[PDB]
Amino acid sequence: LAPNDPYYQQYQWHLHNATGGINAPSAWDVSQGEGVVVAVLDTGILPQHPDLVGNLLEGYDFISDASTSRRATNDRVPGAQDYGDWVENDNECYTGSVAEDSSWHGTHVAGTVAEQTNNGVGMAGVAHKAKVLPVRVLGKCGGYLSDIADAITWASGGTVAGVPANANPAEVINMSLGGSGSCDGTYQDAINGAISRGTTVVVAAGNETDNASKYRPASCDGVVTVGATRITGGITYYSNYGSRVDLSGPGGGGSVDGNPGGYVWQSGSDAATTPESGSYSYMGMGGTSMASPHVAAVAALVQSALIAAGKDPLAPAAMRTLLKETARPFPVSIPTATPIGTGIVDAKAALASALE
């Protein structure tokens, strides 16, 4: 499939480039992810973005700190509206942090997952007939572990005290987020719970050019940990690495690869603070955050394909095995000391193998 989205051809190398893309055109001949729900645990969403409308569920906001959520209270609430995660001043977050504009990360990630495709608008998305369940866990200066852990439980269809039952438990959770520290019990238990419900958990390796083993949830057991490659198909300058990294997706190499080839391009906003300060747009961003959802979306294409052919969905371990075994080996050598998994997720190869 060569969709008619106006910016797809020039911008979305991560979907269709022969060395650095994930082989989406071919995959899309088989599956677009219809009937599957992917929970995006992130900054929230811009639910009326015209290139996302129709592929979103209401979702929920798990941030239990008014100052982080930018909401009026510490309650968790239905919906996942991103209030904006800007930080106005250096050091507000921790010793040495730099002021930044709102990321709209969750809207960008949600785009990679299921941006409306072949709709004559904007960009394309990978599992563009799936639905995104946005689960807002990140706000100003990031998020709280306890919020993220409950979000995992709920997204996967487990019970959380004080939140209504999730009517739409997700086949796949994407966590484009990370922080220092080997995985704990709190994190590990939530993740184990999701796995036990049949949910594949896909996470970003992190962007510290360091060993993923030192970060969470990258270093958690049972997850698909995703490194980042460039348009060249080689490791990005920032990607984390090490034996925990299962495979890579296109994360974008940044400025060395220029514009557009250095960045992953999806739905977002140019708003510097509140949604209202800007307008709907398409943003180029680079990170293991951008790599993860390519992999998460491929998982969704696979589940969808199976369910369509009467087949059973893969269990989490089988999904990870399939994703790793079918990854395209890197077209540029990866240094021995910085392994980033078996290859670059290959949407078509994953599908072919699952449907054998």
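Note that residue numbering follows the sequence shown and begins at 1.
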Query raised in the report: Got a sec? Mean C-alpha B-factor, which is higher, 146-154 or 104-112?
Result: 146-154
Requested in this report: Select between 187-195 and 119-127 the stretch whose C-alpha atoms have the higher average B-factor in the entry.
Outcome: 187-195
Query raised in the report: From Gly44, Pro313, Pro331, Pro293, pick the one with the largest CA B-factor in the entry?
Result: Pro313
Query raised in the report: Among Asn168, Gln266, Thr229, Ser269, which carries the highest Cα B-factor?
Result: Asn168
Report summary line: By the entry's values, the third containing the CA B factor of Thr342 is the middle
Query raised in the report: Once the chain's modelled residues are ordered by C-alpha B factor and cut into thirds, is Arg136 in the lowest, middle or highest one?
Result: lowest
Query raised in the report: Is the Cα B-factor recorded for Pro335 in the lowest, middle or highest third of its chain?
Result: highest
Report task. Would you mind checking where the Cα B-factor of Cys220 ranks among the modelled residues of its chain, as the lowest, middle or highest third? Result -> highest
Query - Third of chain Cα B-factors occupied by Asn89 - result: highest
